[PDB]
Amino acid sequence: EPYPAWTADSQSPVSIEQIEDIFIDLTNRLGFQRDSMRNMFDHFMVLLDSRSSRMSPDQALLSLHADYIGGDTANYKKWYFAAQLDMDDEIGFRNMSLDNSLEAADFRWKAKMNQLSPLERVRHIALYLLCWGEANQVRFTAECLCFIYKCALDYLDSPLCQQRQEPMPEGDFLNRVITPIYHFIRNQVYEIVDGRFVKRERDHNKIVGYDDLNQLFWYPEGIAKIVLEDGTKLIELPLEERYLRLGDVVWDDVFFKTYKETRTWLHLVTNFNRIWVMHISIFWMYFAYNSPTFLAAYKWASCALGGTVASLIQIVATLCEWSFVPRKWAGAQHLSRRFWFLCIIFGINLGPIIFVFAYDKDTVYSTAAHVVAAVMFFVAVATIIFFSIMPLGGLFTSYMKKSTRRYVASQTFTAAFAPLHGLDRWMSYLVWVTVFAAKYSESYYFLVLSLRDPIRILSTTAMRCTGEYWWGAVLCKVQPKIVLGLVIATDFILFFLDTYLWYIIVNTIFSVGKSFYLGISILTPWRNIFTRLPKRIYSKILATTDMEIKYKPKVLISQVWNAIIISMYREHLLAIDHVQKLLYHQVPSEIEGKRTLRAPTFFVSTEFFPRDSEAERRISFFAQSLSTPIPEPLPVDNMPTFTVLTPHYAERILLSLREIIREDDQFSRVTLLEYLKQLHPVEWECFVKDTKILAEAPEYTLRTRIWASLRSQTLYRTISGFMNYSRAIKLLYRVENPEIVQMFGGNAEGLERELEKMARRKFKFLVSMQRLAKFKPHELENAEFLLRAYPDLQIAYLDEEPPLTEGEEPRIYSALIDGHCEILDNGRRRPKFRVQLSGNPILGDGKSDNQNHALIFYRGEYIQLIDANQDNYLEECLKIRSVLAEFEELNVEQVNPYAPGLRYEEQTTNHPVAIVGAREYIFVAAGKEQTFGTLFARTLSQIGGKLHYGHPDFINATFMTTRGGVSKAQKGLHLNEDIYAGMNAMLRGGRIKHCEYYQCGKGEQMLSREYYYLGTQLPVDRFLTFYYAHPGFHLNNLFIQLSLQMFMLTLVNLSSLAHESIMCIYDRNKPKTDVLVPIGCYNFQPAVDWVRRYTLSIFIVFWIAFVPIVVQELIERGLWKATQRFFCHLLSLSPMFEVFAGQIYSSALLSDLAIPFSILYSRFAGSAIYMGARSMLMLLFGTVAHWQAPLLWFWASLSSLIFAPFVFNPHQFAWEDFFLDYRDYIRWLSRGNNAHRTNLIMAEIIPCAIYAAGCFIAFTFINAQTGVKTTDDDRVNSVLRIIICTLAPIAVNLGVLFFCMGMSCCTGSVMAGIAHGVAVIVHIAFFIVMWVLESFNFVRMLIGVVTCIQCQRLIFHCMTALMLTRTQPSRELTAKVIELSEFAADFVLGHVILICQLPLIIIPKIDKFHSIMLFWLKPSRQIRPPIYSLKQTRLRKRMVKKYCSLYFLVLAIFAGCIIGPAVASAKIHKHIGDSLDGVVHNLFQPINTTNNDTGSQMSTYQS
Ligand SMILES: CCCCCCCCCC(=O)O[C@H](COC(=O)CCCCCCC)COP(=O)(O)OCCN
Ligand SMILES: CCCCCCCCCCCCCC
Ligand SMILES: CCCCCCCCCCCC
Ligand SMILES: CCCCCCCCCCCC
Ligand SMILES: CCCCCCCCCCCC
Ligand SMILES: CCCCCCCCCC
Ligand SMILES: CCCCCCCCCC
Ligand SMILES: CCCCCCCCCC
Ligand SMILES: CCCCCCCCCC
Ligand SMILES: CCCCCCCCCC
Ligand SMILES: CCCCCCCCCC
Ligand SMILES: CCCCCCCCC
Ligand SMILES: CCCCCCCCC
Ligand SMILES: CCCCCCCCC
Ligand SMILES: CCCCCCCCC
Ligand SMILES: CCCCCCCCC
Ligand SMILES: CCCCCCCCC
Ligand SMILES: CCCCCCCCC
Ligand SMILES: CCCCCCC
Ligand SMILES: CCCCCCC
Ligand SMILES: CCCCCCC
Ligand SMILES: CCCCCCC
Ligand SMILES: CCCCCCC
Ligand SMILES: CCCCCCC
Ligand SMILES: CCCCCCC
């Protein structure tokens, strides 16, 4: 019989017959499609049934009306206010606070709904539901539905439709008002070609999407732009006849783009404008204070001028924003007003600084200098504090007039946030106060106060040296100032890493203190969880407090504890003797004869779980989760009905049979069974035994099919894993009320029948099987099999039909089939419903439009949406009605929302809860467990809010389906198609909370739109928390990588300068004996010691930030290993060992993030191998010139970067596989064959030449000899040595290239060989000429090479890009020049890589250890082929020895190139050149000089 909570009562305001009457009439007079009417009717009635099982039926209808259309939660009310009667500013004013006007209209609206007869509310809701059901693929645009809904509602109330004695034909609401909008959307992509559609490839910024499609309807002036077909405006017409001619509007002259994103670096300045301000500005002031080398008023004046940078940053953000919104669109004048205000602020700030900067040089004004300095210091501080807070999108809004728009974005649709009151408010305040009060305090004593001494030295010391021939000694005269500038620049970056460093520390402290203070789970009282289980189950999983008839509080627990255990055994996890001691046995009372209840000995105080199998894990976790304070549940008779969605494109329903054996030694290992059998060798044992009892044929094949199916990874395991929701309800139904079984005790069939009837109305399952009309006949059998297995299952699939007349698109439907539908002659079952779409719905990339077409059949109140790989064990399935109570809607009181008084200040249900994420963070001896518990949290809490912000598991269906959809996927917008739903619900009113006693069981977006709305309007509480989770992580891995490069640039110069000095011996105790004992010397010892204080502070940030991803990637073991690992270091190298114990994880992780040599090289290059190569060279130059002690710390790390991927490879290292890998490498090498425009050319030039010049400066200084006491006419003219060696090899390229053209004019593979043959030797030769030029001095030769390489790539970097910007004969040469020159570079770098393994192949037994190492990491079903024919063996040995000799030859010539000039360094003694007149002393002047003119000498000049 039908819905037994609305009909089976006697106080229902209406009758089920009246509802059908209303639906029939409403369909009749608007032409809705006939079957969707039945669908929506069933949906509505099920909704009423569910809502009326925990309240009076008089209130269910009221609550539904309030929630859909009319309450403070309904979307229709929001749109009606914001558009139909303006009043958008008032909502923003009221939000920031926490006749006409807002109170009056609100009162009128509230009092106009308080007097509706209960037969009108049903009509309203029915109309809305019908409109929502019909509109295909327009559900993504909420406000459109509101517009059509209002138009239809106004039309039906007219005296024009009530007198017309004729109903419009069916399909008149889909072929007249809905289809044109769809034709507009599909016409922005998929341009029609001669017969079909193809993906129209337009630029990503001329394509209107959904977000730009509905956003027209937010503003009153956005509606007034709807031109009709003739030319008149739609609004011009009266209200009643505004619906009929809605099919004549042309939706192609009426939609614009309204966002138009731009270059990526340009957003990060307007979005996150509060992080640059609080960092740059304060950073300025610190150095401005303690830098007296440029009285007492100048100091304060400068530190005050520090405050003028904040306003400048605000102005360049406002000005940058002006290129996002359109020109005349709503909210544009506010930008000009704000620009005016900010200009005034900037003027006020930097007005008087000029007056105090120089107007006081010993005149009578000094009485008025200090006062203005101090007051403007205070003003600057006030400005900084004001701009660090008060979001950019809302300031200077009180001082504005009425105007038209006082805000730039709608404040009722993108600025409605949850106020987050309670206790967590103070906690967030405290956290973000301590972080920034610790960082600003410690980053002044370790980073600006310890840098105070070198500033005085390196800013006054003046060099004395001859110089060069083109400018003399004007550039080399001030080297130290450049070093100081580079030191400050490379230290400015670390100020940004410091914050994220402290944010990790203070979070985990606050978590431990909060999880220990509240006295929850003190350390580990482990021998108590099992001791007191029964009191946990009886009051957390059973609802007895409101069940009464209290009797026997232990017979109930017995009925449960056996069910959970037996289920484990039925899955072949426990032995038959292994369960009898793990179950409530009942023993008869020997006194009288009746039965009594015992308890397992395990359960009060012998291998309960075999070799800690997973069966232990399931029980263990279940036992701990009952300590958390779970809310008390409701009776299983009064819970809401929910549903489950699953999308499925193309998976495996079953592993078939032929794909179980296949061929053995043709792929990984052997037949699949034996692979599966070995992994679980305690189940197959129990399995075959279970077969024997059953056998005590196709069924056996089926049983093997299922047995394998439950393992591996398929679709059958998810369905059978989630269908435990069905049993968990039934079992808890009988237990709760045992008087229901006494009624018909003896009817075993009657009992089970009733139990099923309940579970089929509180739980629905639905999968969305796309493309089901075109399955292969071998795969269609699998689909039908599921229907036979679980009859209560629902499948939704698309369909087709030949076109009505020849030449048109075929109509497509979307029908569902149940498990009880009768079969037809064809074989497929007859569907229950069949709805008509308006064209192909699949338009996006991912599986997000798959969900939408099957969302119509979602009967229920809440939704749990899953992918096709989940487990959901039964023990984590019993407590479903406790997690479902997180939505605070189960224990409340109704208050008649339409009531006089009760203004919107003191209501309760204002921000409903939308998403509920689930638990995902799965988990000296006494000290070790405590410490390992602490290290657990630091790993734990790092991802507690990084991969857990919007990950959805349960969705409040009513709230989340009226405003948008469940997920969106478009070519234009790009977030992740998974996090988009999370952010959208936050900035629209909803709220997100997550439980912690459940098992989920599972940049290109900084360019997006939601980042613009979130980062410009959020308060500072939530902004900082938001910034340091998603954006501040990716933007942190870029600063560390950028800090390293800025460190190499300053290392080169610092060591170069250190290779020229006397250093004035220095003591690190208290060197205040200002005597400077070399007398005539200039000291640089403190500057050199700065390298020591940096390396320490750069691996700490590398340490803490890369420890928490260890355990979240290597939780598997370690505690057992830690004992022996500690056992090997009670007397080991300790602090230094920690250094070399902290350099391996980088090798470990990147290996897991990742075979012939060439194919691995080509994909691992361009990001890790090249930048590492250059940085390797610069470090080498430094380590030879001065050799600071703690410099090898980089040698380990930099080596590990480019030496790890070639040690974590599989068996490829023995003897000849190495050499045969050398076969194809050469063969592959032989056949490798590889203002709107003033922004792209500026972004890829500036930070590619600065790095070049910095190297170039160093080379000039190292040649200009200092302390040499020579004359003016000496010079070196070292600039030329760059030119003679930088462009000369490029000239050799073209000359041969032209001669290549000529020779053929006056074999292609051969011609490549000779071309590439000399393209390599030319560079190798020019490496030699540079060495000779510097008179055979290795130290001052390296820096020469480094400069040339940087200079070379600068030419290529700019020349190619400009040519692309801007001819064919010119361009065709360009690519050929760059290609072959780049070739020689890749050859040498590639070749040297496989040369540094010679002292690893000499060891006889090598891969044996290599095998042991890698198999520890992971097993991958290894296979070893013994395929070596007699003729293969001889040739294999034959050909391998061919290149094994060749390999050694190229090794010898490379070393020979080195030793050549090295041994010729004692043969030339006179000189190498004596030319003059511009090339004078060109090669290198000295052969014998001195650099120690100090001591006795008092005053010489040595210019
Ligand atoms: C003395 C012998 C060497 C002569 C080297 C001639 C380079 C000639 C110019 C060139 O090829 O310079 C670079 C490549 O530099 C390098 O290999 C630098 C490392 C060299 C290690 C030598 C070890 C002995 C091009 O880099 P890309 O533009 O490819 O970088 C963007 C991503 N595609
Ligand atoms: C005030 C600080 C300015 C820092 C500018 C750094 C620019 C980037 C230098 C390195 C670019 C990449 C070189 C390969
Ligand atoms: C009662 C007022 C409390 C204000 C808390 C502000 C916290 C700001 C943190 C960041 C400062 C730069
Ligand atoms: C007269 C002395 C001028 C010194 C200028 C130093 C500029 C350093 C810039 C560093 C940029 C990374
Ligand atoms: C006072 C003499 C100044 C000579 C020019 C200095 C240019 C420095 C440029 C630094 C770029 C990193
Ligand atoms: C003021 C800082 C501007 C942001 C710099 C971002 C550099 C990386 C862009 C990819
Ligand atoms: C804007 C700078 C104001 C300076 C005031 C000076 C007054 C001088 C009075 C003698
Ligand atoms: C919060 C970090 C503080 C570090 C110490 C600063 C004061 C040192 C005084 C000796
Ligand atoms: C967290 C703020 C700590 C402030 C310490 C001030 C310096 C220590 C005393 C010299
Ligand atoms: C001249 C000092 C050389 C020190 C060793 C350089 C190479 C280190 C490789 C680990
Ligand atoms: C001039 C001092 C050189 C010290 C070299 C130390 C070598 C350590 C190799 C690991
Ligand atoms: C010794 C004080 C220097 C200036 C500190 C400014 C702090 C601003 C928050
Ligand atoms: C560093 C100043 C950048 C200014 C960009 C202006 C862009 C206007 C469209
Ligand atoms: C001698 C009186 C000086 C007053 C200066 C006032 C400055 C206000 C910004
Ligand atoms: C010579 C020191 C004068 C300090 C004046 C301070 C005024 C603060 C309002
Ligand atoms: C931001 C206030 C604390 C840091 C500056 C004052 C103390 C310096 C030692
Ligand atoms: C970036 C934080 C540096 C902390 C250095 C502490 C040194 C202790 C010996
Ligand atoms: C302060 C502006 C810096 C712009 C750098 C652009 C880099 C693009 C890759
Ligand atoms: C560190 C800022 C010094 C500014 C001096 C201006 C003359
Ligand atoms: C722009 C800061 C320096 C001003 C100098 C005025 C004499
Ligand atoms: C000398 C005191 C140092 C304290 C360091 C705390 C991190
Ligand atoms: C006299 C100007 C010299 C500029 C040198 C730039 C590298
Ligand atoms: C010469 C005064 C210091 C200059 C620093 C530039 C960053
Ligand atoms: C300080 C910003 C530097 C950006 C460098 C981009 C390569
Ligand atoms: C006449 C100045 C020449 C400068 C050359 C810089 C590469």
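Residues numbered from 1 in each chain as written, not as in the entry; some residues may be left out. Chains lettered and ligands numbered in written order. Heavy atoms only, no water.

This entry lists cryo-EM as its structure determination method and reports a resolution of 3.4 Å.

### Re the overall build of the protein
Tallying secondary structure elements over the protein gives 62 helices and 13 strands in all. Along the first, second and third principal axes, the C-alpha atoms of the protein reach 120 × 95 × 85 Å. Looking at the protein residue by residue over its 1503 residues, the buried ones come to 45%. Counting only carbon and sulfur atoms, one obtains 63% of the accessible surface of the protein, whose full area is about 79900 Å². Placing the 149 positive and 141 negative side-chain charges of the protein at their respective mean positions leaves the two points 6 Å apart. (Helix = DSSP H or I, 4+ residues; strand = E, 2+ residues; numbered from the N terminus. Buried < 20%, exposed > 50% of the residue type's maximum accessible area, 1.4 Å probe, protein only. Areas by Shrake-Rupley, 256 points an atom, 1.4 Å probe, with all protein chains shown as cover. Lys, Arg positive; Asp, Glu negative; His and termini not counted. Charge placed at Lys NZ, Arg CZ, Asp CG, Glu CD.)

### A few points about empty space enclosed by the protein
When its volume is computed, the largest cavity comes out at roughly 320 Å³. In this structure, the largest cavity is lined by 24 residues; those nearest its centre are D211, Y980, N984, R988 and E1010. Those elements that place two or more of their residues in the lining of the largest cavity are α8 (142-156), α10 (210-214), α39 (980-986) and α40 (1010-1017). The element best represented in the lining of the largest cavity is α39, accounting for 3 residues. Split into classes, the residues belonging to the lining of the largest cavity amount to 10 nonpolar, 7 polar and 7 charged. (1 Å grid on protein atoms, 1.4 Å probe; cavity = no way out; pocket = protein on both sides within 12 Å on 5 of 7 lines; lining within 4 Å. Points joined across faces, edges and corners; volume = space filled by probe spheres on them. Nonpolar A, V, L, I, M, F, W, Y, C, P; charged D, E, K, R; others polar.)

### Section: the state of the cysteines
Inspection of every chain in the model, using the stated rule, returns 2 disulfides. Here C465 pairs with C476 through a disulfide, and the sulfurs are 2.2 Å apart. Judged by the torsion about the S-S bond (95 degrees), the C465/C476 disulfide is right-handed. Remark: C476 occurs in the loop between α20 (452-457) and α21 (480-492) and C465 occurs in the loop between α20 and α21; sequence separation between them is 11 residues. A relative accessible area of 4% means that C476 is categorised as buried. Here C1064 engages in a disulfide with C1081; their sulfurs sit 2.0 Å apart. (Disulfide = S-S within 2.5 Å.)

### Considering the site of ligand 1
The full set of residues close to ligand 1 is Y1170, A1173, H1323, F1327, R1353 and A1385. A total of 770 Å² of accessible area belongs to ligand 1 in isolation, and the protein chains cover 71% of it. Looking at the shell around ligand 1, the elements that each hand over two or more residues are α50 (1170-1185) and α57 (1308-1333). When its residues are assigned to classes, the shell around ligand 1 shows 4 nonpolar, 1 polar and 1 charged. (Near = heavy atom within 4 Å.)

### Focus: helix α24 (residues 555-570)
For α24, built from 16 residues, the straight-helix expectation of 22 Å at 1.5 Å per residue is met to within 8% by its first-to-last C-alpha distance of 23 Å. Within α24, burial applies to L556, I557, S558, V560, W561, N562, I564, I565, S567 and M568. One or two steps after α24, the chain reaches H572, where phi turns positive at roughly 65 degrees. (Expected span 1.5 Å × (residues − 1).)

### Brief notes about unusual backbone geometry
You will see that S101, though not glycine, has its phi angle at about 50 degrees, which is positive. The topology assignment puts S101 in the loop between α5 (88-97) and α6 (103-113). Even without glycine at this site, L1076 takes up a positive phi of about 55 degrees. With respect to the helices and strands, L1076 occurs in the loop between α43 (1036-1058) and α44 (1085-1104). Judged by its relative accessible area of 34%, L1076 is partly exposed.

### Quick notes on the sheet that holds strand β5 (residues 642-648)
Strands in a sheet are paired, the pairing made by backbone hydrogen bonds, and the direction either parallel or antiparallel. Read from one edge to the other, the open sheet built from 9 strands follows the order β9-β8-β7-β6-β5-β10-β12-β11-β13, with strand pairing classed as mixed. Of all the strands in the sheet, the pair left with one neighbour each is β9 (833-836) and β13 (992-994). Strand after strand, the sheet turns through a mean of 25 degrees between neighbouring axes, direction not considered. In this structure, strand β6 (residues 763-769) lies alongside strand β7 (residues 794-798), joined through 3 bridges in parallel fashion. (Pairing = 2+ DSSP bridges. Axes fitted to C-alpha atoms, helices over the stretch in contact; angles between N-to-C directions.)

### Observations concerning a nonpolar patch on the surface
Together, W265, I1241, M1242, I1246, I1250 and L1362 line one region of the surface with nonpolar side chains, adding up to about 570 Å² of accessible area. Mapped onto the nonpolar patch, the elements with two or more residues apiece are α53 (1240-1243) and α54 (1246-1263). Tracing the backbone shows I1246 in helix α54. (Patch = residues over 30% accessible without salt bridge, like charges linked within 9 Å, V, L, I, M, F, W, Y side chains within 5 Å. Salt bridge = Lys/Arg side-chain N within 4 Å of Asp/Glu carboxyl O.)

### A short note on helix α56 (residues 1288-1305)
Here α56 is 18 residues long and its end C-alpha atoms lie 26 Å apart, about the 26 Å a rise of 1.5 Å per residue gives. Within the sequence span of α56, burial applies to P1289, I1290, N1293 and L1297. Along the axis of α56, the buried residues cluster in a sector spanning 110 degrees; they form a single face. Away from the buried face of α56 by more than 90 degrees, exposed residues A1291, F1298, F1299 and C1305 are located. Taken together, the buried residues of α56 touch α55 (1279-1286), α57, α58 (1339-1365) and α59 (1368-1393). (Arc of directions from axis to C-beta. Contact = heavy atoms within 4.5 Å.)

### Things to note about a negative patch on the surface
On the surface, a cluster of negative charge is made up of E229, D230, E236, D252 and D253. Along the polypeptide, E236 turns up in the loop between α11 (220-223) and α12 (267-270).

### Thoughts on the packing of aromatic side chains
Under the defined criterion, the tally for this structure stands at 83 aromatic pairs. Ring centres 5.0 Å apart and planes at 85 degrees place the aromatic pair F283 and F287 in the edge-to-face group. With a gap of 4 residues between them, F283 and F287 both fall in helix α13 (residues 273-289), about one helical turn apart. On the basis of relative accessibility, which here comes to 13%, the residue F283 falls in the buried class. (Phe/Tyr/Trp six-rings, centres within 6.5 Å; stacked < 30°, edge-to-face > 60°.)

### Quick notes on the pattern of salt bridges
Within the structure shown, the criterion is met by 44 salt bridges. For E888, the salt bridge identified is with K993, shortest N-O distance 2.6 Å. Residue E888 is classed as partly exposed on the basis of its relative accessible area of 46%. Among the residues examined, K993 registers a relative accessible area of 27% and is labelled partly exposed. We note a salt bridge from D1272 to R1275, for which the minimum N-O separation is 2.4 Å. By relative accessible area, which is 52% here, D1272 ends up exposed. Look at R1275 and you get buried, because its relative accessible area is 19%. Residues joined in a network through salt bridges with shared partners are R51, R54, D67 and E861.

### Focus: a positive patch on the surface
On the surface, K1431, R1434, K1437, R1438, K1441 and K1442 cluster together into a positively charged patch. Within the secondary structure layout, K1431 lies in helix α62 (residues 1430-1463). Residue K1431 is classed as exposed on the basis of its relative accessible area, which comes to 53%.

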